[PDB]
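So the structure is just underneath, and the comments pick up after that.
Any read-out appearing in this document is the output of simple, stated calculations on the displayed coordinates, not a laboratory observation. Here the Cβ positions follow ideal geometry from the backbone for every residue, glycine too, while neighbour counts run over all protein chains shown.
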Amino acid sequence: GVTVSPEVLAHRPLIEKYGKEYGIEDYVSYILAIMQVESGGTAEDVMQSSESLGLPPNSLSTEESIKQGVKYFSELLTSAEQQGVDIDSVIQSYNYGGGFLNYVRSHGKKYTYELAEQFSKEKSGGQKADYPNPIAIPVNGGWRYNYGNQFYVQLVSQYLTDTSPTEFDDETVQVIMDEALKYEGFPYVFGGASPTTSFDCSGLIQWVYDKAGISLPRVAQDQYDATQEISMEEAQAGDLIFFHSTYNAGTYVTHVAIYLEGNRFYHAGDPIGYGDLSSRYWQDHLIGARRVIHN
């Protein structure tokens, strides 16, 4: 998740210009990551987009290069959308050409390094070249097929930074669960938010997250509103899982639990302990996972 060079960030206003023009201002981080890999903001053909236009290498000015680079990336996005293939296939197609999208589509519709490698093997006629790149050395000794770059997605991914809310580290998860397990076996108490009174689902969350140094609201619906939506596949230990029609609370959100992993959760159910998401009752009442915002 390396931030790009200042000479790449210097081209950012021009990037956002053709970004909004080709309706892909959302993907400006990918254009910066591609530019860092292609030239480092050093070359005049800063996107190395001359070839995509049928021109010999470095035939475009800095402005020409950014316009065509963004245009070509948006055409690849569009073709990928039609074919039902993912963003890493788009990134690889900037390097390999649009034919890589059709290749991935016919082989499971998801980018894999093995697909990038086999596409290069075929297009190069099996010709290999030494590649003294620290990304390549631990993978195959440091070589590549003489067609594009089979490591292109790994190179471009180095300069992509995930700024989305980060999950709790292992130490904080242990602080949360050490506190939560002190009340294991305790009875469910509607309106309870202390060991003295015992707890309700949201009262357990508020008390346990406070001991971990996290301030959260008191009501499940408020805790839902104060946290950010995440897919079940990206959910981690310490994230919260919310449920809808478990009882008449007068709000959409009625139930909340501490997510652990897989189908496991901890919550003030009756008695206070662990539950299984995979169960018919919880699967039918499941809203989804939400993340507590912290650094």
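The overall shape of segment 162-295 is rounded: from the C-alpha gyration tensor, with semi-axes ordered a ≥ b ≥ c, the ratio a/c is less than 1.5. Among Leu155, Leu277, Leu101, the largest mean-square fluctuation in a Gaussian network model of the chain (Cα springs under 10 Å) belongs to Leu277. How would you classify segment 205-283 from its alpha-carbon gyration tensor, with a ≥ b ≥ c the square roots of the eigenvalues: rounded for a/c under 1.5, else prolate if a/b is greater than b/c, otherwise oblate? Because its axes are fairly even, with a/c under 1.5, segment 205-283 counts as rounded.
Relative to the longest principal axis of the Cα atoms of the chain, the long axis of helix 201-211 lies at roughly 70 degrees. Highest mobility in the GNM of the chain, judged by mean-square fluctuation with C-alpha springs under 10 Å and restricted to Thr78, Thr251, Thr112, is found for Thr251. Give, as ranges by residue number, the residues of segment 257-295 whose backbone N falls under 18 Å from the point 7 Å along Cα→Cβ of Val219. Answer for segment 257-295: 257.
Shape of segment 250-295 from its Cα gyration tensor (a ≥ b ≥ c, root eigenvalues): rounded if a/c is under 1.5, otherwise prolate when a/b > b/c, or oblate? Because its axes are fairly even, with a/c under 1.5, segment 250-295 counts as rounded.
In the chain, the longest principal axis of the Cα atoms and the axis of helix 113-123 are about 20 degrees apart.
Comparing Cα centroids, segment 47-71 and segment 183-246 end up 53 angstrom apart. I'd like the FRET efficiency for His294 and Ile137, computed as 1/(1 + (r/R0)^6) with the beta carbon distance as r and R0 of 35 Å, rounded to 0.05. Approximately 0.45, to the nearest 0.05. Projected label points at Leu53 and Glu122, each 7 Å from Cα along the beta carbon direction, are separated by 3.0 nanometres. The calculated FRET efficiency for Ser279 paired with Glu81, based on their beta-carbon distance and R0 = 35 Å, is about 0.45.
If you count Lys pairs in the chain whose Cα atoms are under 13 Å apart, skipping same-chain pairs closer than 8 places in sequence, the total is 5. For the chain, relative contact order (Cα pairs under 8 Å, six or more residues apart, normalised by length) works out to 13 percent. Across the alpha-carbon set of the chain, the Rg to Rh ratio works out to 1.12, Rh being the Kirkwood radius.
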